[PDB]
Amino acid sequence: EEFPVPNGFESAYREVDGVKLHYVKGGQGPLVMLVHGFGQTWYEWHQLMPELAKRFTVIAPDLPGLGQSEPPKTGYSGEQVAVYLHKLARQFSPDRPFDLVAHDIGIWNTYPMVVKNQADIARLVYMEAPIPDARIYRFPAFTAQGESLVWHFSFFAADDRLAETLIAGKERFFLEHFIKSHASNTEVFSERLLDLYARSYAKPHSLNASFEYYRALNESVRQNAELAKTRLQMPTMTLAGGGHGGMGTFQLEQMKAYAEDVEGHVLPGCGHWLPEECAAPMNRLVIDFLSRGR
């Protein structure tokens, strides 16, 4: 057990297509799944989950290979990993549609599930990452202020396990720089939180898994070139950070190419790590979006 489980929640595992997936579940009612992104685990949702649980059954899986979940047996591309996450959600909501909230590469691993099974999805929240498509080839390698937002795409995807080799042994050094490079609010990342995240992803198979999601990114882009011929039909909300390290207006502008029904918000002075940097206003937005009209 890597992270504190909130009161009222359990920690559990389910096997899905031969892969043992760790998740954290609590609450009662219609299902909401929350999928974390790179450098983190289910724990980033730990302040949202109690609030959502008042009204929904909340499930927060660890991505395959990260946290306490086994690596995938098929592959790391978006379409393959979405199979694991879709089957997991559906174990818990076989008869009714469920809600999905995703952050960072959580988006990469849920988009194919969402687009191919639209009737299963009631509402969708995506924050702080591009859906894999050709727009990621337009991000700069370098800026007039220093390092750019996503130069790590090339670092993590490079051959000869370049990223693993250079980071092994120095995991906490790297993760703290990566988190703070992408943050506006550095305060909320205490020594304890940084340590907990560094321990999890420093597990040799978890460090490797992290980068496989990137080594599959170009394959995801190809997959989504075909899937994106069908627009998303469920009400959708995008959240992006407006401060240093966030995606700004890019999150909504991209989603105008995907969603029939999109609401967008840019949170001022917040970076990439929305649940931690700007917990209160992000929680308010997500709670209100999933509760309106219900």
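Residue numbers here begin at 1 and follow the sequence given.
Of the two stretches examined, 188 to 196 and 210 to 218, the record assigns the greater average C-alpha temperature factor to 188 to 196.
The PDB entry reports B-factors from which the mean C-alpha value can be compared for 148 to 156 and 163 to 171; the larger average falls on 163 to 171.
Reading the B-factor column for the CA atoms of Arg123, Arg96, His103, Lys116 in the entry, the top value corresponds to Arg96. Residues shown: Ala141, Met127, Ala202, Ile131. Highest C-alpha temperature factor in the entry: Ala202. Sort the modelled residues of the chain by CA B factor and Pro268 lands in the middle third. Among the modelled residues of its chain, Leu88 has a C-alpha B-factor that falls in the highest third, as given in the PDB entry. For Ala53, the recorded CA B-factor ranks within the highest third of the chain. Only modelled residues enter the ranking. The entry lists a Cα temperature factor for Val19 that places it in the highest third of the chain's modelled residues.
Compared with the other modelled residues of the chain, the Cα B-factor recorded for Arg135 ranks in the lowest third.
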